[PDB]
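Okay, structure first, notes after.
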Amino acid sequence: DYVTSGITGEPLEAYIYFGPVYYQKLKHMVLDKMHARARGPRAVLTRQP
Amino acid sequence: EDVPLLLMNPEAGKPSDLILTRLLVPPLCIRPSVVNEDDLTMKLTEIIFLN
């Protein structure tokens, strides 16, 4: 399709390929994977985290 | 004289030392009391009991 750029207002040189594709959200979200440790609980036997 | 021919360094060991007749017990930081007690504590208790 003939497609106009939203930043500059001028049209684009190459045509752009639009269409509805079935995307599906996977379960790996970053709010469950972001993790940090400054210092905290250590093991009783080998005194390392 | 015959100990280095058994390939033992007589400064680091003696042939009499391979048979244990006295036995060290590890400290409490090696066997934690809340693990209740560690398996080495039970085995040492059983050695005292058999004695």
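Values quoted throughout were computed directly from the atomic coordinates according to the rules given, and no laboratory measurement underlies them. Reconstructed Cβ throughout: ideal geometry from the backbone, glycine too, with neighbour counts over all protein chains shown.
Would you say A:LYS25 is charged (D, E, K, R), away from every other protein chain (no Cβ under 14 Å) and more than 30 Å from B:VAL35 (Cα to Cα)? First the steps, then the outcome.
Numbers: charged (D, E, K, R): yes; away from every other protein chain (no Cβ under 14 Å): yes; more than 30 Å from B:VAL35 (Cα to Cα): yes.
So A:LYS25 passes the test.
Just one of (1) within 17 Å of the chain's Cα centre (by Cα); (2) surrounded by 10 or more Cβ atoms within 10 Å (Cβ to Cβ); (3) closer than 30 Å to A:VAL44 by Cα trips up B:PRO27, so point out which.
The one condition B:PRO27 does not meet is (2).
One line per residue, one yes/no per condition, for (1) over 18 Å from A:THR46 (Cα atoms); (2) away from chain A (no Cβ under 14 Å); (3) charged (D, E, K, R); (4) in contact with a helix residue (DSSP H, G or I) (Cβ under 7 Å, 6 or more places away or on another chain):
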site: B:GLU1; (1), (2), (3), (4): yes, yes, yes, no
site: B:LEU6; (1), (2), (3), (4): yes, yes, no, yes
site: B:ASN9; (1), (2), (3), (4): yes, yes, no, no
site: B:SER16; (1), (2), (3), (4): yes, yes, no, no
site: B:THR21; (1), (2), (3), (4): yes, yes, no, no
site: B:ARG31; (1), (2), (3), (4): no, no, yes, yes
site: B:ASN36; (1), (2), (3), (4): no, no, no, no
site: B:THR41; (1), (2), (3), (4): no, no, no, no
site: B:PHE49; (1), (2), (3), (4): yes, yes, no, no
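Scan (1) of a type in the set (S, T, N, Q); (2) surrounded by fewer than 10 Cβ atoms within 10 Å (Cβ to Cβ); (3) part of a helix (DSSP H, G or I) for the single condition B:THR41 breaks and write down its number.
Tallying (1) of a type in the set (S, T, N, Q); (2) surrounded by fewer than 10 Cβ atoms within 10 Å (Cβ to Cβ); (3) part of a helix (DSSP H, G or I), B:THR41 fails exactly one: (2).
In this structure, is B:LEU5 assigned to a loop (DSSP other than H, G, I, E, B) and not charged (D, E, K, R)? Show your work before the answer.
Values: assigned to a loop (DSSP other than H, G, I, E, B): no; not charged (D, E, K, R): yes.
Criteria not met by B:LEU5.
Output the number of the condition that B:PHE49 fails; it satisfies all remaining conditions of (1) over 16 Å from the mean Cα position of the chain (by Cα); (2) in a loop (DSSP other than H, G, I, E, B).
(2)
Could you grab me the full set of residues in region A:28-46 that are among the hydrophobic types (A, V, I, L, M, F, W, C) and closer than 30 Å to B:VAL34 by Cβ? Please lay out each step first, then the result.
Step one: list which residues in region A:28-46 are among the hydrophobic types (A, V, I, L, M, F, W, C), which gives A:29-31, A:34, A:36, A:38, A:43-45.
A:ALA36, A:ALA38, A:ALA43, A:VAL44, A:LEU45, listed by residue number.
Among the listed residues A:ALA38, A:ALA43, identify the single one that is part of a loop (DSSP other than H, G, I, E, B) and within 14 Å of chain B (Cβ to nearest Cβ). Give the steps one after another, and end with the answer.
On the way: A:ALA38 fails: within 14 Å of chain B (Cβ to nearest Cβ).
Of the residues listed, the single one that is part of a loop (DSSP other than H, G, I, E, B) and within 14 Å of chain B (Cβ to nearest Cβ) is A:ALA43.
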